[PDB]
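*Asks:* Starting off with a structure, shown below.
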Amino acid sequence: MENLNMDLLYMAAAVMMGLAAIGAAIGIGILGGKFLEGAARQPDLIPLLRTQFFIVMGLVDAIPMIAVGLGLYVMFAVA
């Protein structure tokens with residue numbers, strides 16, 4: 001079951017990352033456009049632009065980063 005939970009996990013990361021990438025991309029762009037629009041609309045939120053970019057992408061990508069991260073953290077590192 002090691003080779004299965006090994007390949008299945010890695011492979012799961014691919015699917016998970018992709019599916020999560022799609023959904024993540026969709027939402028990031030969703031809230032990203034609106035938030036980015038306002039902030040980018042207000043000259044005083046220029047730093048918000050970048051800050052929000054990383055925050056929205058990171059918070060959304062934190063999910064697969066956490067799943068994949070935890071997986072490989074113990075798998076590739078601890079296994």
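Every chain in the structure tokens has a letter given in the order shown (A, B, ...), and although residue numbers restart at 1 in each chain, ligands are simply numbered from 1 in the order shown.
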Fewer than 5 positions away in the same chain doesn't count, so skip those; otherwise give me all residues within 10 Å of region 36-42 of chain A, counting only C-alpha atoms, as a list in words.
*Replies:*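 Contacts, in chain order: residues 29, 30, 31, 47, 48, 49, 50, 51, 52, 53 and 56 of chain A.
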*Asks:* Would you kindly return, as an mmCIF file with N, CA and C atoms, in the first residue's frame, each protein, DNA or RNA residue with an atom no farther than 12 Å from any atom of residue 76 (chain A), considering only C-alpha atoms and excluding same-chain residues fewer than 3 positions away?
*Replies:*
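Resulting contents of part27.cif:
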```
data_model
loop_
_atom_site.group_PDB
_atom_site.id
_atom_site.type_symbol
_atom_site.label_atom_id
_atom_site.label_comp_id
_atom_site.auth_asym_id
_atom_site.auth_seq_id
_atom_site.Cartn_x
_atom_site.Cartn_y
_atom_site.Cartn_z
ATOM 1 N N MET A 6 1.796 6.259 -2.076
ATOM 2 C CA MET A 6 2.909 7.104 -2.472
ATOM 3 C C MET A 6 2.597 7.775 -3.807
ATOM 4 N N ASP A 7 2.325 6.958 -4.821
ATOM 5 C CA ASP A 7 1.995 7.473 -6.139
ATOM 6 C C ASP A 7 0.638 8.163 -6.102
ATOM 7 N N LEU A 9 -0.732 9.677 -3.652
ATOM 8 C CA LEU A 9 -0.590 10.962 -2.982
ATOM 9 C C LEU A 9 0.036 11.979 -3.928
ATOM 10 N N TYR A 10 1.226 11.667 -4.443
ATOM 11 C CA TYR A 10 1.903 12.563 -5.385
ATOM 12 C C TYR A 10 0.952 12.944 -6.503
ATOM 13 N N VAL A 68 -0.603 19.722 0.054
ATOM 14 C CA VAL A 68 0.597 19.244 -0.602
ATOM 15 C C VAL A 68 1.778 19.385 0.346
ATOM 16 N N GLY A 69 1.888 20.556 0.971
ATOM 17 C CA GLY A 69 2.969 20.801 1.906
ATOM 18 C C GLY A 69 3.041 19.757 3.003
ATOM 19 N N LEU A 70 1.914 19.492 3.664
ATOM 20 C CA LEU A 70 1.877 18.518 4.731
ATOM 21 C C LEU A 70 2.219 17.141 4.199
ATOM 22 N N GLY A 71 1.666 16.831 3.041
ATOM 23 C CA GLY A 71 1.908 15.540 2.424
ATOM 24 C C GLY A 71 3.380 15.278 2.162
ATOM 25 N N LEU A 72 4.017 16.177 1.421
ATOM 26 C CA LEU A 72 5.433 16.031 1.086
ATOM 27 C C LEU A 72 6.328 16.270 2.295
ATOM 28 N N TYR A 73 5.858 17.092 3.225
ATOM 29 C CA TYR A 73 6.633 17.396 4.422
ATOM 30 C C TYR A 73 6.948 16.110 5.165
ATOM 31 N N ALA A 79 9.644 10.714 4.782
ATOM 32 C CA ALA A 79 9.541 9.388 4.174
ATOM 33 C C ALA A 79 10.366 9.304 2.893
#
```
*Asks:* With distances taken over only C-alpha atoms, which residue among A:1, A:62, A:17, A:55 lies nearest residue 32 (chain A)?
*Replies:*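 Between A:1, A:62, A:17, A:55, the residue approaching residue 32 (chain A) most closely is A:55.
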*Asks:* Point out the residue among A:44, A:58, A:3, A:75 with the least atom-to-atom distance to residue 21 (chain A), counting only C-alpha atoms.
*Replies:*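 Distance minimum relative to residue 21 (chain A) lands on A:58.
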*Asks:* Which residues, written as a list in words, have at least one atom at most 12 Å from residue 19 (chain A), with only C-alpha atoms counted and residues fewer than 6 positions away on the same chain left out?
*Replies:*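 Residues meeting the cut-off are residues 12, 13, 25, 26, 61, 63 and 64 of chain A.
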*Asks:* Could you turn the residues from that selection into a file that holds N, CA and C atoms, as an mmCIF file, in the first residue's frame?
*Replies:*
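Below you can see selection-v7.cif, which holds the result:
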```cif
data_model
loop_
_atom_site.group_PDB
_atom_site.id
_atom_site.type_symbol
_atom_site.label_atom_id
_atom_site.label_comp_id
_atom_site.auth_asym_id
_atom_site.auth_seq_id
_atom_site.Cartn_x
_atom_site.Cartn_y
_atom_site.Cartn_z
ATOM 1 N N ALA A 12 -2.188 12.673 -6.494
ATOM 2 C CA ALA A 12 -3.289 13.417 -5.904
ATOM 3 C C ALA A 12 -2.915 14.883 -5.814
ATOM 4 N N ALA A 13 -1.645 15.153 -5.546
ATOM 5 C CA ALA A 13 -1.172 16.523 -5.464
ATOM 6 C C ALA A 13 -1.306 17.197 -6.821
ATOM 7 N N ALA A 25 -7.759 29.900 -9.119
ATOM 8 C CA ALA A 25 -7.594 30.916 -10.150
ATOM 9 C C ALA A 25 -8.894 31.678 -10.355
ATOM 10 N N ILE A 26 -9.988 30.934 -10.462
ATOM 11 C CA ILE A 26 -11.299 31.528 -10.656
ATOM 12 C C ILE A 26 -11.616 32.548 -9.568
ATOM 13 N N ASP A 61 -4.201 29.693 -2.375
ATOM 14 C CA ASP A 61 -3.217 28.660 -2.671
ATOM 15 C C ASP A 61 -2.668 28.024 -1.397
ATOM 16 N N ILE A 63 -4.368 26.484 0.662
ATOM 17 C CA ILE A 63 -5.074 25.221 0.801
ATOM 18 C C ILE A 63 -4.262 24.075 0.194
ATOM 19 N N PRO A 64 -3.929 24.108 -1.118
ATOM 20 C CA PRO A 64 -3.133 23.048 -1.724
ATOM 21 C C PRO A 64 -1.710 23.076 -1.197
#
```
*Asks:* From the options A:74, A:4, A:57, A:65, which residue's atoms come nearest to residue 33 (chain A), counting only C-alpha atoms?
*Replies:*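 Looking only at the distances to residue 33 (chain A), the closest residue turns out to be A:57.
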*Asks:* Record the distance separating CA of residue 24 (chain A) and CA of residue 67 (chain A), expressed in Å with one decimal.
*Replies:* 14.0 Å
*Asks:* Just to confirm, what's the straight-line distance from CA of residue 35 (chain A) to CA of residue 22 (chain A) in Å (one decimal)?
*Replies:*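 Going from CA of residue 35 (chain A) over to CA of residue 22 (chain A), I get 19.4 Å.
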*Asks:* Out of chain A, which residues get alpha helix (DSSP H) from DSSP, as a PyMOL selection string?
*Replies:* chain A and resi 2-41+46-72
*Asks:* Any idea what the distance is between CA of residue 66 (chain A) and CA of residue 16 (chain A)?
*Replies:* 11.3 Å
